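Undergrad: To be precise about what I am sending: the file is called upload-v6.cif and holds mmCIF, C-alpha atoms and all ligand atoms.
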```cif
data_query
loop_
_atom_site.label_atom_id
_atom_site.label_comp_id
_atom_site.auth_asym_id
_atom_site.auth_seq_id
_atom_site.Cartn_x
_atom_site.Cartn_y
_atom_site.Cartn_z
CA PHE C 364 0.00 0.00 0.00
CA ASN C 365 0.83 3.74 -0.29
CA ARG C 366 3.67 3.46 -2.78
CA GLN C 367 4.51 7.15 -2.30
CA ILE C 368 5.71 6.41 1.22
CA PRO C 369 8.98 4.73 0.20
CA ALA C 370 9.43 7.05 -2.79
CA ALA C 371 8.89 10.08 -0.54
CA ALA C 372 11.32 8.59 1.95
CA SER C 373 13.78 7.91 -0.89
CA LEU C 374 13.38 11.37 -2.40
CA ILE C 375 14.15 13.17 0.88
CA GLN C 376 17.06 10.92 1.86
CA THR C 377 18.87 11.17 -1.48
CA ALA C 378 18.53 14.95 -1.58
CA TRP C 379 19.99 15.29 1.93
CA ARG C 380 22.93 13.00 1.25
CA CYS C 381 23.46 15.05 -1.90
CA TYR C 382 23.59 18.21 0.20
CA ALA C 383 25.37 16.71 3.22
CA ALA C 384 28.08 15.46 0.91
CA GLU C 385 29.17 19.05 0.18
CA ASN C 386 30.35 19.26 3.80
CA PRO C 387 33.57 17.17 3.84
CA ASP C 388 33.27 16.73 7.62
CA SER C 389 29.60 15.58 7.69
CA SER C 390 28.67 12.22 9.20
CA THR C 391 27.25 11.17 5.79
CA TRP C 392 30.84 10.11 5.00
CA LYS C 393 31.48 7.75 7.90
CA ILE C 394 28.91 5.47 6.20
CA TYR C 395 31.47 3.81 3.92
CA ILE C 396 32.61 1.21 6.44
CA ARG C 397 34.39 -0.94 3.84
CA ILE C 503 36.49 2.09 2.77
CA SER C 504 39.17 2.48 5.43
CA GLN C 505 40.41 6.09 5.45
CA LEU C 506 38.80 7.59 2.36
CA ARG C 507 41.02 9.43 -0.12
CA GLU C 508 40.23 12.28 -2.49
CA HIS C 509 39.42 10.07 -5.49
CA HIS C 510 36.71 8.56 -3.28
CA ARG C 511 34.83 11.80 -2.74
CA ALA C 512 34.66 12.80 -6.38
CA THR C 513 33.30 9.26 -6.93
CA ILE C 514 30.79 9.36 -4.08
CA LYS C 515 29.67 12.86 -4.97
CA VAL C 516 28.71 11.94 -8.57
CA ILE C 517 27.09 8.66 -7.55
CA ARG C 518 25.00 10.53 -5.00
CA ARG C 519 23.76 12.97 -7.63
CA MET C 520 22.56 10.18 -9.93
CA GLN C 521 20.93 8.52 -6.93
CA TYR C 522 18.98 11.71 -6.14
CA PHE C 523 17.78 11.86 -9.76
CA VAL C 524 16.34 8.34 -9.84
CA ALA C 525 14.59 9.06 -6.56
CA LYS C 526 13.13 12.10 -8.35
CA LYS C 527 11.79 9.95 -11.21
CA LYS C 528 10.46 7.11 -9.02
CA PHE C 529 8.55 9.62 -6.89
CA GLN C 530 6.98 11.31 -9.92
CA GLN C 531 5.87 7.93 -11.28
CA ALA C 532 4.04 7.11 -8.04
CA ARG C 533 2.38 10.53 -8.21
CA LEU T 5 30.13 27.50 -16.02
CA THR T 6 33.66 27.59 -14.60
CA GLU T 7 36.81 26.23 -16.19
CA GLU T 8 37.67 25.01 -12.70
CA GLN T 9 34.34 23.16 -12.54
CA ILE T 10 34.68 21.49 -15.95
CA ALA T 11 38.29 20.54 -15.15
CA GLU T 12 37.31 18.74 -11.98
CA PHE T 13 34.33 17.08 -13.67
CA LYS T 14 36.74 15.89 -16.37
CA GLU T 15 38.87 14.37 -13.60
CA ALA T 16 35.72 12.78 -12.12
CA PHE T 17 34.58 11.36 -15.47
CA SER T 18 37.97 9.65 -15.84
CA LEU T 19 37.38 7.94 -12.52
CA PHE T 20 34.46 6.06 -14.05
CA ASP T 21 35.78 5.91 -17.64
CA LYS T 22 38.65 3.48 -17.20
CA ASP T 23 38.87 2.06 -20.75
CA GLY T 24 39.28 5.61 -22.11
CA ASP T 25 36.41 5.22 -24.61
CA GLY T 26 34.63 8.36 -23.37
CA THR T 27 31.59 6.27 -22.39
CA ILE T 28 30.37 5.14 -18.96
CA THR T 29 28.58 1.79 -19.18
CA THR T 30 26.31 0.32 -16.50
CA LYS T 31 29.09 -2.21 -15.70
CA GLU T 32 31.83 0.40 -15.22
CA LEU T 33 29.64 2.33 -12.77
CA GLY T 34 29.02 -0.82 -10.76
CA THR T 35 32.75 -1.34 -10.48
CA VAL T 36 33.09 2.07 -8.83
CA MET T 37 30.13 1.60 -6.47
CA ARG T 38 31.37 -1.86 -5.52
CA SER T 39 34.77 -0.27 -4.91
CA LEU T 40 33.13 1.73 -2.13
CA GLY T 41 31.78 -1.30 -0.34
CA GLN T 42 28.45 -1.39 -2.17
CA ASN T 43 26.30 -3.99 -3.88
CA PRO T 44 23.98 -2.68 -6.59
CA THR T 45 21.49 -4.67 -8.61
CA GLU T 46 21.63 -4.89 -12.41
CA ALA T 47 18.48 -2.73 -12.54
CA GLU T 48 19.79 -0.15 -10.03
CA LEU T 49 22.76 0.22 -12.36
CA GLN T 50 20.33 0.39 -15.29
CA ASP T 51 18.09 3.02 -13.63
CA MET T 52 21.00 5.40 -12.82
CA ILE T 53 22.23 5.38 -16.43
CA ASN T 54 18.73 5.77 -17.83
CA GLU T 55 18.35 8.95 -15.78
CA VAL T 56 21.52 10.57 -17.17
CA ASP T 57 20.93 9.09 -20.68
CA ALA T 58 19.77 11.61 -23.29
CA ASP T 59 21.30 9.74 -26.26
CA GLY T 60 19.53 6.45 -25.53
CA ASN T 61 22.55 4.53 -26.67
CA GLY T 62 22.82 3.11 -23.17
CA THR T 63 26.09 4.87 -22.34
CA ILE T 64 27.15 8.07 -20.61
CA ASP T 65 29.26 10.36 -22.76
CA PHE T 66 31.17 13.14 -21.06
CA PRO T 67 28.64 15.78 -22.28
CA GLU T 68 25.80 13.97 -20.48
CA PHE T 69 27.86 13.68 -17.33
CA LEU T 70 28.37 17.43 -17.65
CA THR T 71 24.64 17.92 -18.20
CA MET T 72 23.94 15.96 -15.04
CA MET T 73 26.69 17.55 -12.97
CA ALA T 74 25.43 21.04 -13.82
CA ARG T 75 21.75 20.34 -13.35
CA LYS T 76 19.71 22.54 -11.03
CA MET T 77 19.43 20.07 -8.16
CA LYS T 78 17.96 23.05 -6.27
CA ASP T 79 16.21 25.31 -8.86
CA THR T 80 14.50 22.90 -11.31
CA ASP T 81 11.28 22.75 -9.20
CA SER T 82 13.43 20.64 -6.81
CA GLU T 83 11.71 22.45 -3.94
CA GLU T 84 8.14 21.60 -5.02
CA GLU T 85 8.63 17.83 -5.18
CA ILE T 86 10.67 17.73 -1.97
CA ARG T 87 7.83 19.65 -0.32
CA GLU T 88 5.14 17.24 -1.50
CA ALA T 89 7.38 14.32 -0.42
CA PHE T 90 7.14 15.63 3.16
CA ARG T 91 3.41 16.23 2.80
CA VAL T 92 3.05 12.46 2.34
CA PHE T 93 3.91 12.51 6.09
CA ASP T 94 2.01 15.57 7.42
CA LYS T 95 -1.43 13.99 7.58
CA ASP T 96 -2.12 16.58 10.29
CA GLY T 97 -1.69 19.05 7.41
CA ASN T 98 0.45 21.37 9.53
CA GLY T 99 3.70 22.24 7.79
CA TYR T 100 5.35 20.38 10.67
CA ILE T 101 6.61 16.80 11.13
CA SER T 102 7.62 15.33 14.55
CA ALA T 103 11.45 15.09 14.85
CA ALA T 104 10.76 11.57 16.20
CA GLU T 105 8.64 10.61 13.15
CA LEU T 106 11.40 12.18 10.99
CA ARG T 107 14.04 9.88 12.58
CA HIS T 108 11.70 6.85 12.18
CA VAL T 109 11.18 7.83 8.49
CA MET T 110 14.85 8.65 7.71
CA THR T 111 15.98 5.37 9.37
CA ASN T 112 13.41 2.64 8.70
CA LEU T 113 11.96 3.59 5.28
CA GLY T 114 13.62 4.10 1.86
CA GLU T 115 17.42 4.30 1.92
CA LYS T 116 17.49 3.98 5.74
CA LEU T 117 20.18 6.43 6.82
CA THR T 118 22.52 5.94 9.73
CA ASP T 119 21.55 7.41 13.07
CA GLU T 120 24.50 9.78 13.14
CA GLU T 121 23.29 11.25 9.83
CA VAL T 122 19.79 11.58 11.19
CA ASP T 123 21.26 13.24 14.29
CA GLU T 124 23.07 15.78 12.11
CA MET T 125 19.93 16.41 10.02
CA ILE T 126 17.46 17.07 12.91
CA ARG T 127 20.04 19.27 14.74
CA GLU T 128 20.72 21.48 11.66
CA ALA T 129 16.99 21.43 10.67
CA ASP T 130 14.19 23.65 12.08
CA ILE T 131 14.26 21.72 15.42
CA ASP T 132 14.86 24.77 17.70
CA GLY T 133 13.98 22.48 20.60
CA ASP T 134 10.48 22.18 19.25
CA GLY T 135 10.22 18.45 18.56
CA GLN T 136 8.54 19.39 15.31
CA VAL T 137 10.38 20.36 12.14
CA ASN T 138 8.64 22.79 9.81
CA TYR T 139 9.90 21.25 6.59
CA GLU T 140 9.57 24.68 4.95
CA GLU T 141 12.95 25.43 6.54
CA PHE T 142 14.14 21.92 5.65
CA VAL T 143 13.50 22.18 1.90
CA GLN T 144 15.36 25.46 1.93
CA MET T 145 18.30 23.96 3.84
CA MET T 146 19.04 21.72 0.87
CA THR T 147 18.46 24.48 -1.70
CA CA C 601 33.94 2.96 -20.75
CA CA C 602 26.01 7.82 -23.97
#
```
For the structure just supplied, provide its representation as structure tokens.
Ligand SMILES: [Ca+2]
Ligand SMILES: [Ca+2]
TA:
Amino acid sequence: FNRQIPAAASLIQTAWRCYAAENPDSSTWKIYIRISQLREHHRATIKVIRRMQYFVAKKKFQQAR
Amino acid sequence: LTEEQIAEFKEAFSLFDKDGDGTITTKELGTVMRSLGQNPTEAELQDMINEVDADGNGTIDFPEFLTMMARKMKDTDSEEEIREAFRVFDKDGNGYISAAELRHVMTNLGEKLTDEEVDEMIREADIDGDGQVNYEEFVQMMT
């Protein structure tokens, strides 16, 4: 039921991680437990991934609505 | 658009484009994600590409990366959809959502963020010790 509920959840979460990522000392970075001591080629990577994640959560939410 | 910005995006694009063919395939992107301790599904890889994919050839050329990197993640009506995403959770109608319900939503539903992230969010949100957030100030935070 209510398929907007996860899409709404997903939309908000991806947008915040997109924004939080611009702070290089946000706790949104400690989430990469398999990456011991992240380097600078990691953040360029994470940052772009996170943008494309926010976009799909934009589409999926539209679809529901 | 800055020459600094394009430069750095060019550097970024090279991080995904390992074979130097100027294309990013759904299998190259999964490499990178899996490098970061992730597991994506063949569809999840196929949904990300299909969002950045204006040529329909299945690949990401550098100009579509640049299109996506320079998109108004804050101006392209980003604030209207993010509003109505919150309004799925104000059944009271008040432009207010309990900080507790927020945590429960940010942590159990959708992408399920870590508690420390949720702690950061609520603190920097409109929680001025009112265990309510007016998401009006939230949507603007991110934009
Ligand atoms: Ca390639
Ligand atoms: Ca392409």
Undergrad: May I ask for the distance between atom CA of residue 376 of chain C and atom CA of residue 521 of chain C, given in Å to one decimal place?
TA: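 Between atom CA of residue 376 of chain C and atom CA of residue 521 of chain C the gap is 9.9 Å.
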Undergrad: Any idea which chain T residues end up within 9 Å of chain C if we count all atoms listed in the file, as a ChimeraX atom specification please?
TA: /T:12-13,15-17,19-20,33,36-37,39-42,51-56,69,72-73,77,82,85-86,88-93,109-110,113-118,120-121,124-125,145-147
Undergrad: Taking only C-alpha atoms and all ligand atoms and a cut-off of 7 Å, can you tell me which residues surround ligand CA 601 (chain C), written as a list in words?
TA: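 The distance check yields residues 21, 22, 23, 24, 25, 26, 27, 28, 29 and 32 of chain T.
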Undergrad: Could you tell me how far atom CA of residue 49 of chain T lies from atom CA of residue 30 of chain T, in Å and to one decimal?
TA: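 These atoms are spaced 5.5 Å apart.
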Undergrad: Once you count all atoms listed in the file, which residues end up within 7 Å of ligand CA 602 (chain C), and could you hand them over as a ChimeraX atom specification?
TA: /T:27,57,59-65
Undergrad: Could you work out how far atom CA of residue 103 of chain T lies from atom CA of residue 135 of chain T, giving the answer in Å with one decimal?
TA: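 Separation between atom CA of residue 135 of chain T and atom CA of residue 103 of chain T: 5.2 Å.
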Undergrad: When distances are computed from only C-alpha atoms, which of T:35, T:102, T:111, T:144 shows the smallest separation from residue 87 of chain T?
TA: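 Distance minimum relative to residue 87 of chain T lands on T:144.
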